[PDB]
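Asks: Once you've had a glance at the structure underneath, I'll fire off some questions.
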Amino acid sequence: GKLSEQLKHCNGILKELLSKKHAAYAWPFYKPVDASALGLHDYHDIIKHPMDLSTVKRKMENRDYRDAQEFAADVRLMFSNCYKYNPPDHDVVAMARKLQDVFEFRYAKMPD
Amino acid sequence: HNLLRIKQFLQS
């Protein structure tokens, strides 16, 4: 079928984190960081699962996800790799924490 | 981690 109920809810949640409403503190996760330009030539060493919301949606669009748990897995993996790289005293972790809050309650309202 | 390298997101 074209996106099961759980997966459709994923489409909506992802869409929200991608909406300009959150963009002000969601842009770090829209697309993968420009590590080479950022001076971060050690990015692929630390980040073993480089994932972003666009790729989460991409994979969702290819319907490679079976359930919203797989979505949750991939989206949270994005926030997870952020915490791997950036120490607690950085913008991207504070933005990750806040965006984690919204996404958390989005999935929390999502019934399974 | 302890440090390594920090993302250049300082005032972006």
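Chain lettering (A, B, ...) mirrors the order of the structure tokens, residue numbering begins at 1 for each chain separately, and ligand numbering begins at 1 in order of display.
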Report as a PyMOL selection string the set of chain B residues whose atoms approach chain A to within 6 Å, with distances computed over only C-alpha atoms.

Replies: chain B and resi 1+6+8

Asks: Which residues of range 75-102 of chain A sit at most 7 Å from range 47-53 of chain A, using only C-alpha atoms? Give each one's shortest atom pair and distance in Å (one decimal place), in chain and ascending residue order, as a tab-separated table.

Replies:
residue	atom	partner	partner_atom	distance
A:75	CA	A:53	CA	6.6
A:77	CA	A:51	CA	6.9
A:78	CA	A:51	CA	5.0
A:81	CA	A:47	CA	5.9
A:85	CA	A:47	CA	6.9

Asks: For the selection just defined, write its residues with C-alpha atoms to a file, as a PDB file, in the first residue's frame.

Replies:
ATOM      1  CA  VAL A  75      15.254  10.271  12.699  1.00  0.00           C
ATOM      2  CA  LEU A  77      19.776   8.346  14.687  1.00  0.00           C
ATOM      3  CA  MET A  78      20.145  11.769  13.104  1.00  0.00           C
ATOM      4  CA  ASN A  81      25.026  11.375  15.383  1.00  0.00           C
ATOM      5  CA  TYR A  85      30.166  14.831  17.065  1.00  0.00           C
TER       6      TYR A  85
END

Asks: Contacts of residue 58 in chain A at 12 Å or less, counting only C-alpha atoms, minus same-chain residues fewer than 4 places along, as a list in words?

Replies: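 Within the cut-off, the hits are residues 11, 14, 15, 30, 31, 51, 52, 53, 54, 62, 63, 64, 65, 71, 74 and 75 of chain A.
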
Asks: Residues of chain A in helix (DSSP H, G or I) according to DSSP, as a PDB file with N, CA, C and O atoms, in the first residue's frame?

Replies:
ATOM      1  N   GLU A   5      -0.549   3.408   7.879  1.00  0.00           N
ATOM      2  CA  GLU A   5      -0.974   4.478   8.783  1.00  0.00           C
ATOM      3  C   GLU A   5       0.197   5.027   9.598  1.00  0.00           C
ATOM      4  O   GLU A   5       0.373   6.243   9.710  1.00  0.00           O
ATOM      5  N   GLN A   6       1.006   4.125  10.138  1.00  0.00           N
ATOM      6  CA  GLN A   6       2.176   4.502  10.928  1.00  0.00           C
ATOM      7  C   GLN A   6       3.152   5.322  10.083  1.00  0.00           C
ATOM      8  O   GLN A   6       3.710   6.319  10.548  1.00  0.00           O
ATOM      9  N   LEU A   7       3.326   4.918   8.826  1.00  0.00           N
ATOM     10  CA  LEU A   7       4.283   5.568   7.933  1.00  0.00           C
ATOM     11  C   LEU A   7       3.763   6.917   7.449  1.00  0.00           C
ATOM     12  O   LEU A   7       4.538   7.844   7.211  1.00  0.00           O
ATOM     13  N   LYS A   8       2.452   7.028   7.311  1.00  0.00           N
ATOM     14  CA  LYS A   8       1.829   8.289   6.938  1.00  0.00           C
ATOM     15  C   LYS A   8       2.017   9.311   8.046  1.00  0.00           C
ATOM     16  O   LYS A   8       2.262  10.489   7.784  1.00  0.00           O
ATOM     17  N   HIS A   9       1.925   8.851   9.285  1.00  0.00           N
ATOM     18  CA  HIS A   9       2.131   9.725  10.425  1.00  0.00           C
ATOM     19  C   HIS A   9       3.580  10.196  10.453  1.00  0.00           C
ATOM     20  O   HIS A   9       3.871  11.315  10.872  1.00  0.00           O
ATOM     21  N   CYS A  10       4.483   9.334   9.988  1.00  0.00           N
ATOM     22  CA  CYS A  10       5.890   9.689   9.879  1.00  0.00           C
ATOM     23  C   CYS A  10       6.072  10.829   8.893  1.00  0.00           C
ATOM     24  O   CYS A  10       6.821  11.775   9.144  1.00  0.00           O
ATOM     25  N   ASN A  11       5.371  10.720   7.773  1.00  0.00           N
ATOM     26  CA  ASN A  11       5.412  11.728   6.729  1.00  0.00           C
ATOM     27  C   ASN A  11       5.015  13.090   7.288  1.00  0.00           C
ATOM     28  O   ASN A  11       5.609  14.113   6.947  1.00  0.00           O
ATOM     29  N   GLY A  12       4.022  13.083   8.171  1.00  0.00           N
ATOM     30  CA  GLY A  12       3.541  14.315   8.768  1.00  0.00           C
ATOM     31  C   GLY A  12       4.510  14.896   9.783  1.00  0.00           C
ATOM     32  O   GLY A  12       4.733  16.108   9.812  1.00  0.00           O
ATOM     33  N   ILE A  13       5.082  14.034  10.618  1.00  0.00           N
ATOM     34  CA  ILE A  13       6.034  14.470  11.639  1.00  0.00           C
ATOM     35  C   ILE A  13       7.290  15.047  10.988  1.00  0.00           C
ATOM     36  O   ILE A  13       7.740  16.138  11.340  1.00  0.00           O
ATOM     37  N   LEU A  14       7.842  14.307  10.029  1.00  0.00           N
ATOM     38  CA  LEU A  14       9.026  14.736   9.302  1.00  0.00           C
ATOM     39  C   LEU A  14       8.783  16.084   8.637  1.00  0.00           C
ATOM     40  O   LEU A  14       9.631  16.973   8.673  1.00  0.00           O
ATOM     41  N   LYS A  15       7.607  16.218   8.043  1.00  0.00           N
ATOM     42  CA  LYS A  15       7.201  17.423   7.364  1.00  0.00           C
ATOM     43  C   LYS A  15       7.235  18.617   8.311  1.00  0.00           C
ATOM     44  O   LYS A  15       7.619  19.721   7.926  1.00  0.00           O
ATOM     45  N   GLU A  16       6.852  18.376   9.549  1.00  0.00           N
ATOM     46  CA  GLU A  16       6.782  19.435  10.551  1.00  0.00           C
ATOM     47  C   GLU A  16       8.174  19.929  10.927  1.00  0.00           C
ATOM     48  O   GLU A  16       8.431  21.135  10.939  1.00  0.00           O
ATOM     49  N   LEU A  17       9.063  18.995  11.238  1.00  0.00           N
ATOM     50  CA  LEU A  17      10.449  19.328  11.573  1.00  0.00           C
ATOM     51  C   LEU A  17      11.120  20.034  10.390  1.00  0.00           C
ATOM     52  O   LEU A  17      12.086  20.776  10.557  1.00  0.00           O
ATOM     53  N   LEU A  18      10.578  19.808   9.195  1.00  0.00           N
ATOM     54  CA  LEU A  18      11.089  20.430   7.974  1.00  0.00           C
ATOM     55  C   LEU A  18      10.401  21.759   7.679  1.00  0.00           C
ATOM     56  O   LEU A  18      10.871  22.544   6.854  1.00  0.00           O
ATOM     57  N   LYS A  20       9.159  25.577   8.058  1.00  0.00           N
ATOM     58  CA  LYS A  20       9.869  26.805   8.427  1.00  0.00           C
ATOM     59  C   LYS A  20       9.598  27.189   9.882  1.00  0.00           C
ATOM     60  O   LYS A  20      10.351  27.958  10.481  1.00  0.00           O
ATOM     61  N   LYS A  21       8.518  26.647  10.431  1.00  0.00           N
ATOM     62  CA  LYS A  21       8.191  26.797  11.843  1.00  0.00           C
ATOM     63  C   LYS A  21       9.359  26.376  12.737  1.00  0.00           C
ATOM     64  O   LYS A  21       9.638  27.015  13.753  1.00  0.00           O
ATOM     65  N   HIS A  22      10.045  25.306  12.354  1.00  0.00           N
ATOM     66  CA  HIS A  22      11.133  24.779  13.167  1.00  0.00           C
ATOM     67  C   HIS A  22      12.477  25.075  12.524  1.00  0.00           C
ATOM     68  O   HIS A  22      13.506  24.989  13.184  1.00  0.00           O
ATOM     69  N   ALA A  23      12.450  25.456  11.248  1.00  0.00           N
ATOM     70  CA  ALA A  23      13.661  25.683  10.450  1.00  0.00           C
ATOM     71  C   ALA A  23      14.698  26.537  11.171  1.00  0.00           C
ATOM     72  O   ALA A  23      15.898  26.310  11.031  1.00  0.00           O
ATOM     73  N   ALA A  24      14.224  27.498  11.956  1.00  0.00           N
ATOM     74  CA  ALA A  24      15.093  28.404  12.704  1.00  0.00           C
ATOM     75  C   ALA A  24      16.070  27.646  13.610  1.00  0.00           C
ATOM     76  O   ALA A  24      17.116  28.174  13.992  1.00  0.00           O
ATOM     77  N   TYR A  25      15.721  26.414  13.954  1.00  0.00           N
ATOM     78  CA  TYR A  25      16.570  25.570  14.784  1.00  0.00           C
ATOM     79  C   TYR A  25      16.519  24.116  14.306  1.00  0.00           C
ATOM     80  O   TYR A  25      16.891  23.197  15.034  1.00  0.00           O
ATOM     81  N   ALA A  26      16.060  23.923  13.069  1.00  0.00           N
ATOM     82  CA  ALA A  26      15.967  22.589  12.477  1.00  0.00           C
ATOM     83  C   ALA A  26      16.894  22.452  11.271  1.00  0.00           C
ATOM     84  O   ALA A  26      17.168  21.339  10.806  1.00  0.00           O
ATOM     85  N   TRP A  27      17.396  23.583  10.770  1.00  0.00           N
ATOM     86  CA  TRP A  27      18.228  23.575   9.570  1.00  0.00           C
ATOM     87  C   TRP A  27      19.471  22.659   9.684  1.00  0.00           C
ATOM     88  O   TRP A  27      19.867  22.075   8.674  1.00  0.00           O
ATOM     89  N   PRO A  28      20.122  22.505  10.881  1.00  0.00           N
ATOM     90  CA  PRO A  28      21.260  21.583  11.033  1.00  0.00           C
ATOM     91  C   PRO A  28      20.939  20.159  10.584  1.00  0.00           C
ATOM     92  O   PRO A  28      21.840  19.386  10.262  1.00  0.00           O
ATOM     93  N   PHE A  29      19.659  19.818  10.564  1.00  0.00           N
ATOM     94  CA  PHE A  29      19.250  18.438  10.312  1.00  0.00           C
ATOM     95  C   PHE A  29      18.545  18.288   8.969  1.00  0.00           C
ATOM     96  O   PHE A  29      18.244  17.168   8.549  1.00  0.00           O
ATOM     97  N   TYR A  30      18.251  19.408   8.318  1.00  0.00           N
ATOM     98  CA  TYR A  30      17.648  19.375   6.988  1.00  0.00           C
ATOM     99  C   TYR A  30      18.504  18.552   6.030  1.00  0.00           C
ATOM    100  O   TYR A  30      18.019  17.604   5.418  1.00  0.00           O
ATOM    101  N   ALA A  35      30.851  19.196   5.711  1.00  0.00           N
ATOM    102  CA  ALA A  35      32.007  18.940   6.558  1.00  0.00           C
ATOM    103  C   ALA A  35      33.309  19.469   5.968  1.00  0.00           C
ATOM    104  O   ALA A  35      34.094  20.099   6.673  1.00  0.00           O
ATOM    105  N   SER A  36      33.528  19.233   4.683  1.00  0.00           N
ATOM    106  CA  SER A  36      34.755  19.671   4.030  1.00  0.00           C
ATOM    107  C   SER A  36      34.896  21.192   4.109  1.00  0.00           C
ATOM    108  O   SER A  36      35.964  21.710   4.447  1.00  0.00           O
ATOM    109  N   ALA A  37      33.804  21.901   3.832  1.00  0.00           N
ATOM    110  CA  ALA A  37      33.793  23.358   3.889  1.00  0.00           C
ATOM    111  C   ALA A  37      33.837  23.841   5.335  1.00  0.00           C
ATOM    112  O   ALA A  37      34.378  24.903   5.630  1.00  0.00           O
ATOM    113  N   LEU A  38      33.282  23.038   6.232  1.00  0.00           N
ATOM    114  CA  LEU A  38      33.229  23.368   7.650  1.00  0.00           C
ATOM    115  C   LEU A  38      34.589  23.166   8.316  1.00  0.00           C
ATOM    116  O   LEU A  38      34.779  23.521   9.480  1.00  0.00           O
ATOM    117  N   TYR A  43      34.914  14.170   9.847  1.00  0.00           N
ATOM    118  CA  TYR A  43      33.484  14.001  10.067  1.00  0.00           C
ATOM    119  C   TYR A  43      33.041  12.568   9.798  1.00  0.00           C
ATOM    120  O   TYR A  43      32.213  12.020  10.525  1.00  0.00           O
ATOM    121  N   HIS A  44      33.612  11.951   8.773  1.00  0.00           N
ATOM    122  CA  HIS A  44      33.205  10.606   8.383  1.00  0.00           C
ATOM    123  C   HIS A  44      33.795   9.559   9.321  1.00  0.00           C
ATOM    124  O   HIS A  44      33.383   8.400   9.312  1.00  0.00           O
ATOM    125  N   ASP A  45      34.763   9.972  10.129  1.00  0.00           N
ATOM    126  CA  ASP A  45      35.355   9.088  11.125  1.00  0.00           C
ATOM    127  C   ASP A  45      34.457   8.981  12.348  1.00  0.00           C
ATOM    128  O   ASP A  45      34.207   7.888  12.858  1.00  0.00           O
ATOM    129  N   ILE A  46      33.969  10.119  12.817  1.00  0.00           N
ATOM    130  CA  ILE A  46      33.131  10.149  14.005  1.00  0.00           C
ATOM    131  C   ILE A  46      31.707   9.701  13.681  1.00  0.00           C
ATOM    132  O   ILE A  46      31.117   8.902  14.410  1.00  0.00           O
ATOM    133  N   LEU A  53      17.103  14.628   7.850  1.00  0.00           N
ATOM    134  CA  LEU A  53      15.662  14.514   7.637  1.00  0.00           C
ATOM    135  C   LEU A  53      15.309  14.349   6.162  1.00  0.00           C
ATOM    136  O   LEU A  53      14.355  13.645   5.821  1.00  0.00           O
ATOM    137  N   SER A  54      16.086  14.972   5.287  1.00  0.00           N
ATOM    138  CA  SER A  54      15.855  14.855   3.856  1.00  0.00           C
ATOM    139  C   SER A  54      16.076  13.416   3.383  1.00  0.00           C
ATOM    140  O   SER A  54      15.311  12.905   2.567  1.00  0.00           O
ATOM    141  N   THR A  55      17.108  12.761   3.911  1.00  0.00           N
ATOM    142  CA  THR A  55      17.384  11.371   3.568  1.00  0.00           C
ATOM    143  C   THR A  55      16.382  10.432   4.239  1.00  0.00           C
ATOM    144  O   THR A  55      16.005   9.410   3.665  1.00  0.00           O
ATOM    145  N   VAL A  56      15.945  10.782   5.446  1.00  0.00           N
ATOM    146  CA  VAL A  56      14.904  10.020   6.127  1.00  0.00           C
ATOM    147  C   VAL A  56      13.643  10.018   5.279  1.00  0.00           C
ATOM    148  O   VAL A  56      13.015   8.981   5.061  1.00  0.00           O
ATOM    149  N   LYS A  57      13.301  11.192   4.779  1.00  0.00           N
ATOM    150  CA  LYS A  57      12.150  11.339   3.913  1.00  0.00           C
ATOM    151  C   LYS A  57      12.397  10.642   2.592  1.00  0.00           C
ATOM    152  O   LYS A  57      11.515   9.987   2.060  1.00  0.00           O
ATOM    153  N   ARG A  58      13.604  10.801   2.072  1.00  0.00           N
ATOM    154  CA  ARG A  58      14.018  10.148   0.833  1.00  0.00           C
ATOM    155  C   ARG A  58      13.758   8.645   0.899  1.00  0.00           C
ATOM    156  O   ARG A  58      13.086   8.072   0.038  1.00  0.00           O
ATOM    157  N   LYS A  59      14.300   8.024   1.934  1.00  0.00           N
ATOM    158  CA  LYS A  59      14.142   6.596   2.164  1.00  0.00           C
ATOM    159  C   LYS A  59      12.668   6.246   2.396  1.00  0.00           C
ATOM    160  O   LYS A  59      12.181   5.213   1.930  1.00  0.00           O
ATOM    161  N   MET A  60      11.965   7.113   3.125  1.00  0.00           N
ATOM    162  CA  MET A  60      10.518   6.970   3.318  1.00  0.00           C
ATOM    163  C   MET A  60       9.775   7.035   1.983  1.00  0.00           C
ATOM    164  O   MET A  60       8.826   6.286   1.757  1.00  0.00           O
ATOM    165  N   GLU A  61      10.207   7.938   1.108  1.00  0.00           N
ATOM    166  CA  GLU A  61       9.599   8.100  -0.209  1.00  0.00           C
ATOM    167  C   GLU A  61       9.799   6.850  -1.048  1.00  0.00           C
ATOM    168  O   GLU A  61       8.954   6.492  -1.863  1.00  0.00           O
ATOM    169  N   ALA A  68       6.638   3.084  11.644  1.00  0.00           N
ATOM    170  CA  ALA A  68       7.033   4.367  12.189  1.00  0.00           C
ATOM    171  C   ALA A  68       8.165   4.203  13.176  1.00  0.00           C
ATOM    172  O   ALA A  68       8.842   5.168  13.523  1.00  0.00           O
ATOM    173  N   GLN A  69       8.374   2.976  13.624  1.00  0.00           N
ATOM    174  CA  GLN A  69       9.463   2.701  14.538  1.00  0.00           C
ATOM    175  C   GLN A  69      10.785   2.786  13.783  1.00  0.00           C
ATOM    176  O   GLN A  69      11.777   3.295  14.303  1.00  0.00           O
ATOM    177  N   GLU A  70      10.784   2.298  12.543  1.00  0.00           N
ATOM    178  CA  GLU A  70      11.943   2.410  11.674  1.00  0.00           C
ATOM    179  C   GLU A  70      12.209   3.864  11.340  1.00  0.00           C
ATOM    180  O   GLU A  70      13.357   4.287  11.219  1.00  0.00           O
ATOM    181  N   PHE A  71      11.138   4.628  11.196  1.00  0.00           N
ATOM    182  CA  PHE A  71      11.262   6.060  11.009  1.00  0.00           C
ATOM    183  C   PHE A  71      11.886   6.679  12.241  1.00  0.00           C
ATOM    184  O   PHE A  71      12.892   7.379  12.142  1.00  0.00           O
ATOM    185  N   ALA A  72      11.287   6.405  13.400  1.00  0.00           N
ATOM    186  CA  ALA A  72      11.787   6.909  14.663  1.00  0.00           C
ATOM    187  C   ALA A  72      13.251   6.551  14.830  1.00  0.00           C
ATOM    188  O   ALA A  72      14.047   7.371  15.268  1.00  0.00           O
ATOM    189  N   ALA A  73      13.591   5.332  14.441  1.00  0.00           N
ATOM    190  CA  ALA A  73      14.958   4.844  14.488  1.00  0.00           C
ATOM    191  C   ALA A  73      15.895   5.729  13.669  1.00  0.00           C
ATOM    192  O   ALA A  73      16.946   6.147  14.152  1.00  0.00           O
ATOM    193  N   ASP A  74      15.499   6.030  12.439  1.00  0.00           N
ATOM    194  CA  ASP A  74      16.328   6.800  11.530  1.00  0.00           C
ATOM    195  C   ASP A  74      16.409   8.272  11.937  1.00  0.00           C
ATOM    196  O   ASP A  74      17.490   8.864  11.926  1.00  0.00           O
ATOM    197  N   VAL A  75      15.276   8.861  12.314  1.00  0.00           N
ATOM    198  CA  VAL A  75      15.254  10.271  12.699  1.00  0.00           C
ATOM    199  C   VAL A  75      16.025  10.493  14.001  1.00  0.00           C
ATOM    200  O   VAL A  75      16.784  11.458  14.128  1.00  0.00           O
ATOM    201  N   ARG A  76      15.863   9.586  14.957  1.00  0.00           N
ATOM    202  CA  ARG A  76      16.566   9.713  16.222  1.00  0.00           C
ATOM    203  C   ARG A  76      18.055   9.441  16.027  1.00  0.00           C
ATOM    204  O   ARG A  76      18.887   9.986  16.745  1.00  0.00           O
ATOM    205  N   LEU A  77      18.386   8.612  15.034  1.00  0.00           N
ATOM    206  CA  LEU A  77      19.776   8.346  14.687  1.00  0.00           C
ATOM    207  C   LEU A  77      20.446   9.622  14.197  1.00  0.00           C
ATOM    208  O   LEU A  77      21.641   9.833  14.409  1.00  0.00           O
ATOM    209  N   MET A  78      19.663  10.471  13.544  1.00  0.00           N
ATOM    210  CA  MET A  78      20.145  11.769  13.104  1.00  0.00           C
ATOM    211  C   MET A  78      20.519  12.634  14.309  1.00  0.00           C
ATOM    212  O   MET A  78      21.631  13.154  14.384  1.00  0.00           O
ATOM    213  N   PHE A  79      19.605  12.765  15.265  1.00  0.00           N
ATOM    214  CA  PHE A  79      19.907  13.498  16.495  1.00  0.00           C
ATOM    215  C   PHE A  79      21.068  12.838  17.248  1.00  0.00           C
ATOM    216  O   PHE A  79      21.890  13.517  17.872  1.00  0.00           O
ATOM    217  N   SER A  80      21.145  11.511  17.169  1.00  0.00           N
ATOM    218  CA  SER A  80      22.185  10.759  17.858  1.00  0.00           C
ATOM    219  C   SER A  80      23.572  11.071  17.298  1.00  0.00           C
ATOM    220  O   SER A  80      24.510  11.293  18.065  1.00  0.00           O
ATOM    221  N   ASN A  81      23.715  11.105  15.969  1.00  0.00           N
ATOM    222  CA  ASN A  81      25.026  11.375  15.383  1.00  0.00           C
ATOM    223  C   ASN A  81      25.466  12.806  15.699  1.00  0.00           C
ATOM    224  O   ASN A  81      26.659  13.076  15.842  1.00  0.00           O
ATOM    225  N   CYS A  82      24.499  13.709  15.854  1.00  0.00           N
ATOM    226  CA  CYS A  82      24.792  15.081  16.262  1.00  0.00           C
ATOM    227  C   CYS A  82      25.477  15.108  17.628  1.00  0.00           C
ATOM    228  O   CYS A  82      26.465  15.826  17.819  1.00  0.00           O
ATOM    229  N   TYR A  83      24.958  14.320  18.575  1.00  0.00           N
ATOM    230  CA  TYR A  83      25.531  14.273  19.919  1.00  0.00           C
ATOM    231  C   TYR A  83      26.877  13.562  19.928  1.00  0.00           C
ATOM    232  O   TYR A  83      27.690  13.784  20.820  1.00  0.00           O
ATOM    233  N   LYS A  84      27.107  12.699  18.947  1.00  0.00           N
ATOM    234  CA  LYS A  84      28.397  12.029  18.822  1.00  0.00           C
ATOM    235  C   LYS A  84      29.485  13.037  18.529  1.00  0.00           C
ATOM    236  O   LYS A  84      30.560  13.019  19.135  1.00  0.00           O
ATOM    237  N   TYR A  85      29.184  13.915  17.590  1.00  0.00           N
ATOM    238  CA  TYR A  85      30.166  14.831  17.065  1.00  0.00           C
ATOM    239  C   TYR A  85      30.368  16.026  17.980  1.00  0.00           C
ATOM    240  O   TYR A  85      31.463  16.259  18.493  1.00  0.00           O
ATOM    241  N   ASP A  91      26.066  24.757  19.574  1.00  0.00           N
ATOM    242  CA  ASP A  91      24.740  25.096  19.053  1.00  0.00           C
ATOM    243  C   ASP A  91      23.965  23.868  18.579  1.00  0.00           C
ATOM    244  O   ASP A  91      22.778  23.728  18.865  1.00  0.00           O
ATOM    245  N   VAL A  92      24.643  22.968  17.875  1.00  0.00           N
ATOM    246  CA  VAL A  92      23.961  21.867  17.197  1.00  0.00           C
ATOM    247  C   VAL A  92      23.386  20.860  18.189  1.00  0.00           C
ATOM    248  O   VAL A  92      22.452  20.140  17.862  1.00  0.00           O
ATOM    249  N   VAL A  93      23.921  20.823  19.406  1.00  0.00           N
ATOM    250  CA  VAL A  93      23.382  19.925  20.420  1.00  0.00           C
ATOM    251  C   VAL A  93      22.163  20.556  21.085  1.00  0.00           C
ATOM    252  O   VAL A  93      21.191  19.876  21.395  1.00  0.00           O
ATOM    253  N   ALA A  94      22.210  21.871  21.270  1.00  0.00           N
ATOM    254  CA  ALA A  94      21.095  22.603  21.852  1.00  0.00           C
ATOM    255  C   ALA A  94      19.906  22.608  20.898  1.00  0.00           C
ATOM    256  O   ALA A  94      18.756  22.466  21.320  1.00  0.00           O
ATOM    257  N   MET A  95      20.194  22.760  19.609  1.00  0.00           N
ATOM    258  CA  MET A  95      19.161  22.683  18.583  1.00  0.00           C
ATOM    259  C   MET A  95      18.624  21.257  18.482  1.00  0.00           C
ATOM    260  O   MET A  95      17.424  21.053  18.289  1.00  0.00           O
ATOM    261  N   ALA A  96      19.511  20.274  18.649  1.00  0.00           N
ATOM    262  CA  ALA A  96      19.115  18.869  18.609  1.00  0.00           C
ATOM    263  C   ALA A  96      18.204  18.533  19.783  1.00  0.00           C
ATOM    264  O   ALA A  96      17.221  17.818  19.622  1.00  0.00           O
ATOM    265  N   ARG A  97      18.534  19.056  20.960  1.00  0.00           N
ATOM    266  CA  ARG A  97      17.730  18.822  22.157  1.00  0.00           C
ATOM    267  C   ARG A  97      16.317  19.364  21.987  1.00  0.00           C
ATOM    268  O   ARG A  97      15.340  18.692  22.322  1.00  0.00           O
ATOM    269  N   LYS A  98      16.218  20.579  21.466  1.00  0.00           N
ATOM    270  CA  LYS A  98      14.926  21.232  21.297  1.00  0.00           C
ATOM    271  C   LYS A  98      14.094  20.517  20.233  1.00  0.00           C
ATOM    272  O   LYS A  98      12.935  20.179  20.465  1.00  0.00           O
ATOM    273  N   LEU A  99      14.689  20.289  19.070  1.00  0.00           N
ATOM    274  CA  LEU A  99      14.039  19.523  18.013  1.00  0.00           C
ATOM    275  C   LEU A  99      13.714  18.098  18.463  1.00  0.00           C
ATOM    276  O   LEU A  99      12.768  17.486  17.966  1.00  0.00           O
ATOM    277  N   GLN A 100      14.496  17.560  19.388  1.00  0.00           N
ATOM    278  CA  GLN A 100      14.203  16.243  19.933  1.00  0.00           C
ATOM    279  C   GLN A 100      12.921  16.300  20.746  1.00  0.00           C
ATOM    280  O   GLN A 100      12.139  15.358  20.743  1.00  0.00           O
ATOM    281  N   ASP A 101      12.708  17.424  21.419  1.00  0.00           N
ATOM    282  CA  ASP A 101      11.516  17.619  22.237  1.00  0.00           C
ATOM    283  C   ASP A 101      10.260  17.557  21.373  1.00  0.00           C
ATOM    284  O   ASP A 101       9.365  16.753  21.629  1.00  0.00           O
ATOM    285  N   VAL A 102      10.212  18.389  20.334  1.00  0.00           N
ATOM    286  CA  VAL A 102       9.059  18.418  19.432  1.00  0.00           C
ATOM    287  C   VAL A 102       8.810  17.045  18.805  1.00  0.00           C
ATOM    288  O   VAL A 102       7.707  16.504  18.913  1.00  0.00           O
ATOM    289  N   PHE A 103       9.838  16.483  18.180  1.00  0.00           N
ATOM    290  CA  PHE A 103       9.735  15.166  17.553  1.00  0.00           C
ATOM    291  C   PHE A 103       9.290  14.093  18.556  1.00  0.00           C
ATOM    292  O   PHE A 103       8.505  13.205  18.216  1.00  0.00           O
ATOM    293  N   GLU A 104       9.754  14.201  19.796  1.00  0.00           N
ATOM    294  CA  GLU A 104       9.451  13.230  20.816  1.00  0.00           C
ATOM    295  C   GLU A 104       7.952  13.213  21.094  1.00  0.00           C
ATOM    296  O   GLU A 104       7.326  12.154  21.114  1.00  0.00           O
ATOM    297  N   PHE A 105       7.373  14.394  21.265  1.00  0.00           N
ATOM    298  CA  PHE A 105       5.952  14.502  21.553  1.00  0.00           C
ATOM    299  C   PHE A 105       5.110  14.263  20.303  1.00  0.00           C
ATOM    300  O   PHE A 105       3.946  13.879  20.403  1.00  0.00           O
ATOM    301  N   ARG A 106       5.696  14.469  19.127  1.00  0.00           N
ATOM    302  CA  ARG A 106       5.015  14.147  17.882  1.00  0.00           C
ATOM    303  C   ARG A 106       4.817  12.641  17.784  1.00  0.00           C
ATOM    304  O   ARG A 106       3.724  12.163  17.480  1.00  0.00           O
ATOM    305  N   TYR A 107       5.880  11.900  18.064  1.00  0.00           N
ATOM    306  CA  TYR A 107       5.812  10.443  18.061  1.00  0.00           C
ATOM    307  C   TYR A 107       5.005   9.949  19.263  1.00  0.00           C
ATOM    308  O   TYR A 107       4.346   8.913  19.197  1.00  0.00           O
ATOM    309  N   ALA A 108       5.046  10.710  20.354  1.00  0.00           N
ATOM    310  CA  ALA A 108       4.301  10.360  21.558  1.00  0.00           C
ATOM    311  C   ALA A 108       2.799  10.476  21.329  1.00  0.00           C
ATOM    312  O   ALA A 108       2.017   9.717  21.898  1.00  0.00           O
ATOM    313  N   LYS A 109       2.395  11.429  20.497  1.00  0.00           N
ATOM    314  CA  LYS A 109       0.985  11.584  20.164  1.00  0.00           C
ATOM    315  C   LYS A 109       0.591  10.578  19.098  1.00  0.00           C
ATOM    316  O   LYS A 109      -0.569  10.180  19.000  1.00  0.00           O
TER     317      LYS A 109
END
